[PDB]
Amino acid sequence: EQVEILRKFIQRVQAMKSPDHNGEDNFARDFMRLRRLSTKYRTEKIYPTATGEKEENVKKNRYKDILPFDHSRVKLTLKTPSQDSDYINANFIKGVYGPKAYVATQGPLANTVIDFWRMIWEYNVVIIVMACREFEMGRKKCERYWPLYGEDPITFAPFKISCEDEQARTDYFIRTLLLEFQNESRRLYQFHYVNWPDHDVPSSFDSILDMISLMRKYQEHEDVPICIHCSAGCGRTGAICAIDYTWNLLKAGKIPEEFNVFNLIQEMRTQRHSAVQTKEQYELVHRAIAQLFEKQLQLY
């Protein structure tokens, strides 16, 4: 029974909070295990990052230590007058049934906004989730690729982007964007979460869950990727992916016996480098999932 599985998981997350004989709770212990395995992965060439290292692509990476694994990288086949390279710092992450359920990418740079749009266009993306501010702690974290609400469309040729609407919710905005290319248009929805600090957690996660739920009313399925990005495309991005994946499994009534979030995150980290970047983010994923399950039980 799903019900029993949900209760057991909640109990297991509670137990993770207690320190062991080394004074470490399970989140700290587990995180260091994931970190060590990721400190290991590049070194044994399990998942090369050759494409990201090519001299021409160095300028397309926001952080020198954060590169897309070749095996899961998003390849750009759409030709533009300005850019023909197939490279973007982005990886696919598999969902419950779709192998391209998520694209996890860095916040685009001034020179890679073009590649961001090429990606959104080619992969038929409708949903963008942005989980960083443009500036955080006095540092630029992401190029603004949308027009400010009320302003005229912005050109990143051959793409024209319009801001049609903006809605404010607690801790996030929903922007309705129009993306045009040649004789075609696509309406996009950008969920911009502004109250998650880099390498940190928000004070509460109610609004993270509210945002994921509302985004899933705009696109409930995995038939085309949803694009998730922060600054690096790793920590907050990976946390969102892990919570959304688990919620989708929950909605399908497919939470497995002895459901194991460590294993979920260990798998995600073979797909996008350092997915879920801190022990606090790792704990937040567990606590948010436990809350989802607590709330699901209220409906029975």
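Numbers follow the displayed sequence, beginning with 1.
Mean C-alpha B-factor is higher over 200 to 208 than over the other stretch, the pair under comparison being 169 to 177 and 200 to 208.
A summary of the deposited B-factors shows that, of 138 to 146 and 186 to 194, the stretch with the larger mean C-alpha value is 138 to 146.
Residue set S18, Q281, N22, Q291: peak C-alpha B-factor at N22 (per PDB entry).
The entry lists C-alpha B-factors for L250, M268, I243, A50, and the highest of these is at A50. For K79, the recorded CA temperature factor ranks within the highest third of the chain's modelled residues. Remark: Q106 belongs to the lowest third of its chain, ranked by C-alpha B-factor as recorded.
When the modelled residues of the chain are ordered by C-alpha B-factor, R236 sits in the lowest third. For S213, the recorded CA temperature factor ranks within the lowest third of the chain's modelled residues. Sort the modelled residues of the chain by CA B factor and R73 lands in the middle third.
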